[PDB]
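Undergrad: turn this into a model:
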Amino acid sequence: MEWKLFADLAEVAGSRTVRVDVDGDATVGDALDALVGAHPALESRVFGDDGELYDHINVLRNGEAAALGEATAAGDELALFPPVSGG
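TA: Numbers count the residues shown, from 1 in each chain. What follows is the structure:
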């Protein structure tokens, strides 16, 4: 029932790692896709553009089913960070 994020998306939102405690309209996947790299997490304005064809994103899950339309799920993941080597 928690997640983590890199500056890739936290650059605009300001929040990378979050935890699930309260229940509301926000679904489990609704925030997952956003936090993963939907757009609102880092604004729609790409500014310069990086590319559109393929993207890699590593995530850490406890081993549960990735739920989306079930905010009242029994957990989501542990952390989420995109690949990066070299600097």
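Undergrad: can you give me the strands in the chain?
TA: 2-3, 18-19, 58-60, 79-81 (DSSP state E).
Undergrad: nearest to residue 29, out of these?
TA: Among the strands of the chain, strand 2-3 comes nearest to residue 29, with 11.5 Å by Cβ to Cβ. Where you see a C-beta, it was placed from the backbone N, CA and C, and this is true even at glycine.
Undergrad: could I get the strands of the chain as a markdown table with distance to residue 40 and mean neighbour count?
TA: Shown next, in a markdown table, are those (distance: least, Cβ to Cβ, whole Å; neighbours: other Cβ atoms under 10 Å):
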| stretch | distance to residue 40 | mean neighbour count |
| --- | --- | --- |
| strand 2-3 | 15 | 18 |
| strand 18-19 | 14 | 12 |
| strand 58-60 | 19 | 13 |
| strand 79-81 | 16 | 17 |
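Undergrad: export the ones you listed to TSV and tack on distance to residue 48?
TA: Below are those laid out as TSV (distance: least, Cβ to Cβ, whole Å):
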stretch	distance to residue 48
strand 2-3	27
strand 18-19	27
strand 58-60	24
strand 79-81	22
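Undergrad: of all the ones you listed, which lies closest to residue 46?
TA: strand 79-81 (20.1 Å).
Undergrad: which one of the strands of the chain lies nearest to residue 39?
TA: Proximity to residue 39, assessed across the strands of the chain by Cβ to Cβ, is greatest for strand 79-81 (15.8 Å).
Undergrad: biggest helix in the chain, by residue count?
TA: helix 28-37 (DSSP state H).
Undergrad: buried residues, that one. List them.
TA: 28, 29, 31, 32, 34, 35, 36, 37 (16 or more other Cβ atoms under 10 Å).
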